[PDB]
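Report on the following structure.
Note that each Cβ is placed from the backbone with ideal geometry, even for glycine, and that neighbours are counted across all protein chains shown. All of the numbers you see were taken from the coordinates with simple rules; none came from a lab.
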Amino acid sequence: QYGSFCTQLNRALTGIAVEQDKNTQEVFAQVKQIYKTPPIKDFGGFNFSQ
Amino acid sequence: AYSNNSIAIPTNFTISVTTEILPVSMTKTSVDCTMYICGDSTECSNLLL
Amino acid sequence: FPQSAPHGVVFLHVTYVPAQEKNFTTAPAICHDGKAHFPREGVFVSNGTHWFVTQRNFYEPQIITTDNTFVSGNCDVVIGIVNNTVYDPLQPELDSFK
Amino acid sequence: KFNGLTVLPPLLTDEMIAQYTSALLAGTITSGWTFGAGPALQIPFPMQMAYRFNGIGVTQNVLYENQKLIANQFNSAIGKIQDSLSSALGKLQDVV
Ligand SMILES: *[C@@H]1O[C@H](CO)[C@@H](O[C@@H]2O[C@H](CO)[C@@H](O)[C@H](O)[C@H]2NC(C)=O)[C@H](O)[C@H]1NC(C)=O
Ligand SMILES: *[C@@H]1O[C@H](CO)[C@@H](O[C@@H]2O[C@H](CO)[C@@H](O)[C@H](O)[C@H]2NC(C)=O)[C@H](O)[C@H]1NC(C)=O
Ligand SMILES: *[C@@H]1O[C@H](CO)[C@@H](O[C@@H]2O[C@H](CO)[C@@H](O)[C@H](O)[C@H]2NC(C)=O)[C@H](O)[C@H]1NC(C)=O
Ligand SMILES: *[C@@H]1O[C@H](CO)[C@@H](O)[C@H](O)[C@H]1NC(C)=O
Ligand SMILES: *[C@@H]1O[C@H](CO)[C@@H](O)[C@H](O)[C@H]1NC(C)=O
C-alpha cells in the first residue's frame, strides 16, 4: 500500500550495475583483435619483459 | 610478424564514414507541486503551506 | 558532417583507413664515406637490391637524394646502417658540361 | 550478506581484462600507433621511437646517435616504478 518505491530502487541499482559493466567494457575493449608479442624479445635494448 | 628490420607500409586506402549518436537535450517538462499533491482543493492545500 | 536528430545530433565522421599492406625491409639510415643520411620525411624501404624513401602512410617509392635526406653525424654511432648510394644532381652535369 | 543484498560478478573477469591489456601492450609495442587506426603494420621499436621523437619536434638523429642511453633510461624508469609505487593507490582504495 505504500506505493511502488521498491521497483524504482531495484531499477536504479540494476541501471548502475549495467552502467559499470558497459563502463569497464568501454575503457578496456578498445581493440577488435588480440595481439601477442613475438617469442624473441629484442627491441634495440628496451626491456619490456618487466 | 615483428622484426628489427621489417616494416609494413600501405599501398592503398579506403575512405569510410561512421555515425556517432549523441543526445543533447531531453523533454522540457515542468510539473507544479501544489496541484500534484493536494489537487484543486483548498482544504488539503491548507495542510501544505 | 553533423545531422540533426530528435533530441540529439548525429555526426558522419569521414575517416581515412589504410589497406593492402605489404612487407618491406627497412633501415634507420644510409652511409656515405662515414656520413649517415637520415630521412627528412619518410622511411627507407627496400625492393631486394636497392633502397627508396617512401612516406609513412602510403607507398610512394622515390630514389634517395640529398634533397629529401639530411646529413647528421658519422656512420659509427648509429646501428643498422646499410650501404647505398644517393643521387647528387650537380656532379655529372658539371663533368659533362665542363 | 544475509539481509537482502547481493554482489553481481563483473561481465568480464580479471583474466579477460588482463588479456585485453596484454593485447593492447603488444599492439603498441610492435605496430606502434597504427593498430588503433586500421590494420596493424609492424615497425621496429627504435624506428617507432624515432617517429615519436619526431612528434615532439626532436629530430630522428637525436635518438639513433644515443639509442643506448635512451634504452638505459627507459629500463631504469620502468624498474624504479615498482619501488616508487610499492612504498600510492589512493584513488582506487577510496572508492572501495
Ligand atoms: C585500391 O583499392 C581500390 C578499391 O578500394 C581499387 O579500385 C578498384 O580497381 C579495380 C581495377 O581493376 C576496379 O576493377 C574496381 O572496380 C575498383 N574498385 C572500386 C571500388 O573503385 C584500386 O584499383 C586500388 N589501387 C591499387 C593501386 O591497387
Ligand atoms: C623494385 O624496384 C625497382 C625500381 O623500379 C624495380 O625495377 C628494377 O629496376 C632496376 C634498376 O632500374 C633494374 O636493374 C631491375 O631489373 C628492375 N626490375 C625488373 C624486374 O626489371 C623492380 O622491379 C622492383 N622489384 C624488385 C623485386 O626488384
Ligand atoms: C659498408 O661500408 C663500410 C665503410 O666503407 C665498409 O666497412 C669497410 O669495409 C672494408 C672492406 O674491405 C674494410 O677494409 C674497411 O676497414 C671497413 N671500414 C671502413 C671504415 O672502411 C663495409 O664493409 C660496407 N659493407 C657493409 C655490409 O657494412
Ligand atoms: C636484429 O638485428 C640483427 C642485426 O642487426 C639480426 O642479426 C637479428 O636477426 C635481428 N633480429 C630479428 C628478430 O630479426
Ligand atoms: C612479408 O611477406 C612476404 C610475402 O608472403 C614474405 O615472403 C616475407 O617473408 C614477409 N616478411 C618480410 C620481412 O618480408
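Residue by residue, what Karplus-based ³J(HN,Hα) values in Hz, rounded to whole numbers, does region D:52-64 have, using 6.51, -1.76 and 1.60 with θ = phi - 60° and x for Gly and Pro?
5, 5, 4, x, 9, x, 8, 5, 5, 4, 5, 5, 5
Could you give the dipole magnitude of chain C about its Cα centre, charging the beta-carbon of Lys and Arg +1 and that of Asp and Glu -1, in debye to the nearest 20?
I would put it at about 280 debye.
Between D:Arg52 and C:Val71, how many nm apart are label points set 7 Å from Cα along the C-beta direction?
Between D:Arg52 and C:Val71, the simple spin-label model gives 3.2 nm.
Pull up all non-local amide H partners of C:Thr69: gap of 5 or more, or a different chain, and H-to-H distance under 5 Å with H placed in the peptide plane.
C:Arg40
For region C:22-44 and region D:9-40, what is the separation of their Cα centres, given in Å?
Comparing the Cα centres of region C:22-44 and region D:9-40, I get a distance of 31 Å.
State the Kirkwood hydrodynamic radius of the protein assembly as shown in Å, one decimal place, computed from all pairs of distinct Cα atoms.
About 25.2 Å for the protein assembly as shown.
Could you list C:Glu21, C:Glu60, C:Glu93 in order of exposure, starting from the residue whose Cβ has the fewest other Cβ atoms within 10 Å?
C:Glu93, C:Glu60, C:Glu21
Once the principal axes of the Cα atoms of chain C are found, what is the range along each, listed largest first in whole angstroms?
Largest first, chain C extends 75, 36, 26 Å along its Cα principal axes.
In debye, nearest 20, what is the charge dipole magnitude of chain A about its Cα centre with +1 on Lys and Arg Cβ and -1 on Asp and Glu Cβ, if you could check?
Roughly 120 debye, rounded to the nearest 20.
Within a 10 angstrom radius of the beta carbon, how do C:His32, C:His13 rank from fewest other beta carbons to most?
Exposure proxy ranking, most exposed first: C:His13, C:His32.
Using a Gaussian network model of chain C with C-alpha springs under 10 Å, which one of C:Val53, C:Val82, C:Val14 is most mobile by mean-square fluctuation?
Highest fluctuation among the options: C:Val14.
At 7 Å along Cα-to-Cβ for each site, give me the label-to-label distance between B:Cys33 and A:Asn23 in nm.
The two pseudo-label positions are separated by 3.1 nm.
Return, in residue-number order, each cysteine of chain B whose C-beta is not under 4.7 Å from any other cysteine's C-beta.
B:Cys33
Using a Förster distance of 22 angstrom, determine the FRET efficiency expected from the C-beta separation of D:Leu12 and A:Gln33, and round it to 0.05.
Once rounded, the FRET efficiency stands at 0.85.
Please find the FRET efficiency linking D:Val95 to B:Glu20, where r is the Cβ-Cβ separation and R0 is fixed at 30 Å, and quote it to the nearest 0.05.
Calculated value: 0.55.
Measure of size requested: the Rg and Dmax of chain B, with Cα atoms as the atom set and Å as the unit; please supply both.
Calculated on Cα positions, Rg and Dmax stand at 32.0, 89 Å.
For the cross-link pairs A:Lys36/D:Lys91; A:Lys22/D:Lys80; A:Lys32/D:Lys68; A:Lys22/D:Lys91, which exceed 24 Å when the distance is taken from alpha carbon to alpha carbon?
With Cα atoms farther than 24 Å apart: A:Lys36/D:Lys91; A:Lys22/D:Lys80; A:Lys32/D:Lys68.
Students often get this wrong: which residues of region D:31-69 have the backbone nitrogen under 17 Å from the point 7 angstrom along Cα-to-C-beta of C:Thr25?
D:43-44
Which order do B:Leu49, D:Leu63 fall in if you start with the one that has the fewest other Cβ atoms within 10 Å?
Going from least to most buried by this count: B:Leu49, D:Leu63.
To the nearest whole percent, what portion of all C-alpha pairs in chain A is separated by more than 12 angstrom?
Here the long-distance tail beyond 12 Å is 77 percent of all Cα pairs in chain A.
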